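Residue-level structural notes
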Amino acid sequence: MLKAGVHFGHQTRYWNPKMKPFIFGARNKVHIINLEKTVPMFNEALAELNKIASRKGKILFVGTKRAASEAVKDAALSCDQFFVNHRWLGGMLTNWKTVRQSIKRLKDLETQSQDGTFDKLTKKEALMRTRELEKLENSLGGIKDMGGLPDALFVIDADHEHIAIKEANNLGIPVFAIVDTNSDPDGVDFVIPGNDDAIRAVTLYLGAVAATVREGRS
RNA sequence: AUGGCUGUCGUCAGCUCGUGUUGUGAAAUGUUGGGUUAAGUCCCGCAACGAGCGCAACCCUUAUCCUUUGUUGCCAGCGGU
């Protein structure tokens, strides 16, 4: 489960004192996460996360910053699971009700789009409707086939995606976050002290998570 | 005391609501911000996501062309008048 890796921590600026148990913290004004603390934390997250993944649950990867996209689309979509990669709408969990009818409009407009009446009656309004499918497709992308509110939540940055953590704490959903030294372990049930903005680190990181999700009872 | 009908701010671009969130609360957000527009018009962003009344369009008329019918309306080409 342990591989020598490349991130070793980051974020000189705006570091958070609640990350003080997780910091080794030496070099050149920047903070180094104690990865000897990360490895048991991340193995625990794989443990409980595989435990809910084997109970046939829905996981909802969250990847708004770049380049977490399309790495969260690649990792969630490598499993049979769900994702948010563009702007996470304020309240797609806590009013999922209204977001249910927006997802319903995305389904009705893609069914109307590639099969039904798309060339019908107008060119301009048809262009309008297609770019409504671009907007509703990139905002409600992964979540469009969920049909429930999910059994866990896996966010890739705790301070950048504080809204989703705040809602999953509001609803009693287990939050699995890779925090950095600027972030805050709010209500993150399974904190992982890592590096949020390195693409090597998040592809290794989501590689491991997507690896352990796609083992159910099989 | 009223209904119905009317003027007016003003054909001004505004007025709200559901769900969510924030605030002890009155309330706030949405509706603000960068552009743009005749227009909360439209895009982008964003703890908001959407929806309604309004704006726009559908209506009448006016401006061009085609088809049909050609009286009482018209007379290009024909005949005499």
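How each quantity is defined
Residues numbered from 1 in each chain as written, not as in the entry; some residues may be left out. Chains lettered and ligands numbered in written order. Part of a larger assembly, values for the part shown. Heavy atoms only, no water. UniProt positions renumbered as here; feature names shortened; annotations may be inferred. 1 Å grid on protein atoms, 1.4 Å probe; cavity = no way out; pocket = protein on both sides within 12 Å on 5 of 7 lines; lining within 4 Å. Points joined across faces, edges and corners; volume = space filled by probe spheres on them. Helix = DSSP H or I, 4+ residues; strand = E, 2+ residues; numbered from the N terminus. Nonpolar A, V, L, I, M, F, W, Y, C, P; charged D, E, K, R; others polar. Buried < 20%, exposed > 50% of the residue type's maximum accessible area, 1.4 Å probe, protein only. Contact = heavy atoms within 4.5 Å. Core = buried A, V, L, I, M, F, W, Y, C linked by side-chain atoms within 4.5 Å. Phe/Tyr/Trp six-rings, centres within 6.5 Å; stacked < 30°, edge-to-face > 60°. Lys NZ or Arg CZ within 6 Å of the ring centre and 35° of its normal.

Named according to the PDB entry, chain A is 30S ribosomal protein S2 originating from Escherichia coli. Within the Protein Data Bank, this record goes by the title "Structure of the SmrB-bound E. coli disome - stalled 70S ribosome". The heading Sequence similarities (unreviewed entry) in the UniProt record of chain A holds the text "Belongs to the universal ribosomal protein uS2 family."

This part is about the layout of surface pockets. Of the voids in this model, the largest pocket is the one considered here, and its volume is about 580 Å³. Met1, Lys3, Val39, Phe42 and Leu204 are, among the 24 residues lining the largest pocket, the residues nearest its centre. Looking at the lining of the largest pocket, the elements with two or more residues in it are α1 (35-53) and α6 (199-213). With seven residues, α1 is the single largest residue contributor to the lining of the largest pocket. Of the residues contributing to the lining of the largest pocket, the split by class is 16 nonpolar, six polar and two charged. Taken together, 14 residues line the second largest pocket, and the ones lying closest to its centre are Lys56, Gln81, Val213, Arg214 and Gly216.

Here we take up the environment of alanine 168. The residue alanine 168 is located in helix α5 (residues 162-171) in this model. Residue classification places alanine 168 among the buried positions, given a relative accessible area of 0%. Sequence-distant contacts of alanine 168, defined by excluding residues within four places in its chain, comprise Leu93, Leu153, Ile173 and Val175.

Moving on, we get to the nonpolar core. The biggest cluster of nonpolar side chains holds 29 residues, and the ones touching the most others in it are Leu60, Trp88, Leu140, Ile143, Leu153 and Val155. Breaking this core down by element, the ones donating at least two residues are α3 (96-114), β3 (153-155), α5 and β4 (175-179). Top element by residues in this core is α3. It accounts for four residues. Filtering out sequence-adjacent residues up to four positions away, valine 155 remains in contact with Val62, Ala164, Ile165, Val175, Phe176, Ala177 and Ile178.

Our next topic: the packing of aromatic side chains. Scanning the entire structure with this criterion turns up four aromatic pairs. Note on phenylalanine 42 and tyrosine 205: the rings are 4.6 Å apart at their centroids and 25° apart in plane angle, and the pair reads as stacked. Of this pair, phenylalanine 42 sits in helix α1 while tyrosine 205 is found in helix α6, placing the two residues 163 residues apart along the sequence. Exposure class is identical for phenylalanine 42 and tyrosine 205. Each is buried. Consider the rings of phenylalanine 176 and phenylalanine 190, whose centres lie 5.0 Å apart with planes at 5°: the pair is stacked. Placement of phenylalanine 176 in strand β4 and of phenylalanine 190 in strand β5 (residues 190-193) is noted, with a sequence separation of 14 residues between them. Assessed through its relative accessible area of 2%, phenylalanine 176 is described here as buried. Put simply, the rings of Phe42, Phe61, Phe154 and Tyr205 pair up and form one aromatic cluster. Sitting over the face of the ring of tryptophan 96, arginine 100 holds its NZ or CZ atom 5.9 Å from the ring centroid.

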